[PDB]
Every structure is written in structure tokens, then in C-alpha cells.
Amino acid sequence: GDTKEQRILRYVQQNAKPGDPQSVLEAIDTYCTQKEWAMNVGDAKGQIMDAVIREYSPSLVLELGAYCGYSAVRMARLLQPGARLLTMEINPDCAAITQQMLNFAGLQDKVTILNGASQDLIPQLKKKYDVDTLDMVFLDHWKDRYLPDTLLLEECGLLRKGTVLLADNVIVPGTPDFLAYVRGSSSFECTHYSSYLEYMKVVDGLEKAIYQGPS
């Protein structure tokens, strides 16, 4: 049976160029804006993500909620040799799509895909995936999970001073609990990056929260 996610992957494989991550991004953004709507960060927000990666040049990045691999491709393509992306995806079919997307783009050796729930996998990073601390975390999974997974990252000792959290959809549909906590806590230095959801004709935004150390 055909699914939307399989259709996205097929469109990329037909029209993008293997080993060319930029063509893969353009293909997905074309597909989602012109052929069939899908959950997608999109190019406007993508350029903010690009800027953050280039500013902090993280060596170890954790992504929560890979879906079809658009953001994994977006970030992994800007990573240096020896840098790693760890990405978590709760849905097995989407995890498979993400793998094929990264393989097509030529980035499969920079990325480890973890199939499971954030709250189960996050406490295993130190022991099983040889993580000390994370340089960057991109949050784009279930919205009611942003605040508790941030708290769990902190108590698992995965954040250090200077670790960048970047969270999507904090306005639409909105994560006001997360926002209240990080903006109000002295442990996080926060900035907001507005971006228009053109298809929905409403403004959304990404929050950047830089860990400052425990309170």
C-alpha cells in the first residue's frame, strides 16, 4: 500500500541527484509545496537552522522526530568530518524512509537513526552511544514532550554550558509550557526566530535556548 511518505521518497529519488543533499532538500520542498502537503520544516526555517549550525559548528547533534529525514539531511550536510547526528524517530516506517533518504543524499555515515520514544532512548545515550554531552538538540517531535524531554536531557547530564536547543513550532500549534520554562529559567538564554507558514497564512517561530549550566 502506497503512503504519502513513500511518495515523498520516490519523488526525491526520481528528481534529485544522488549524493547531492541540496537537490534532496529542493525536491522535498517542491513536493510538499506543490504536489501534496506534508509535515515539513520547509526552506525558510531551514535557513535559520543552517545559520545556527554554521554559527556553533556542533560536533554532536541530537534530533527528536525525524519523520522523512528532511531535517536530518538539512543538518547532516553541514556537519564536519567526525561530527555525528543522532536522530530519534518513534515510527518504524518513517525511520526506514529517513534511512533511505539519507542514503540517497550520501549522508548515511554521518547519521545514526534510533527507532523508539525519546524518553526511553535519551537515558541510553551515554552508555550505548558513547555520548558525553550534546552540542546541539533540535526538537521537532510531539509538542507536549518538549518540556519533559528537555528536563530529562538536563538530569541525564547531556547538556553542558553552551549547548544549543532549537525547537520548532513553538507558536503554531504552540509549546507555551516549554517557552515559559526556558525563558523564565536562568539555566537558558533564549531568543525567538519568527517565520511565516505561507500555506497556513499565520506566523510561527523557532525558539533557540542556550544552556547556561544547572541552577
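Residue indices: 1-based, along the sequence shown.
Q: Can you let me know which of the two, 185-193 or 61-69, has the higher average C-alpha B-factor in the entry?
A: According to the entry, 185-193 carries the higher average C-alpha B-factor.
Q: Could you check which stretch, 19-27 or 198-206, carries the larger mean CA temperature factor in the entry?
A: Mean C-alpha B-factor is greater for 198-206.
Q: Among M39, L158, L147, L166, which residue carries the highest C-alpha B-factor recorded in the PDB entry?
A: Across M39, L158, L147, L166, the entry lists the biggest C-alpha B-factor for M39.
Q: If you rank the chain by CA B-factor, which third does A83 end up in: lowest, middle or highest?
A: Tercile = highest for this residue's CA B-factor.
Q: Going by what the PDB entry lists, where does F104 fall on CA B-factor within its chain: lowest, middle or highest third?
A: According to the entry, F104 has a C-alpha B-factor in the chain's middle third.
Q: Could you look up the Cα B-factor of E154 in the entry and say which third of the chain it sits in: lowest, middle or highest?
A: Answer is lowest: the recorded C-alpha B-factor places it there.
Q: Once the chain's modelled residues are ordered by C-alpha B factor and cut into thirds, is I53 in the lowest, middle or highest one?
A: Tercile = lowest for this residue's CA B-factor.
Q: Considering only modelled residues of the same chain, in which third does the CA B-factor of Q6 rank: lowest, middle or highest?
A: Lowest third of the chain for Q6's C-alpha B-factor.
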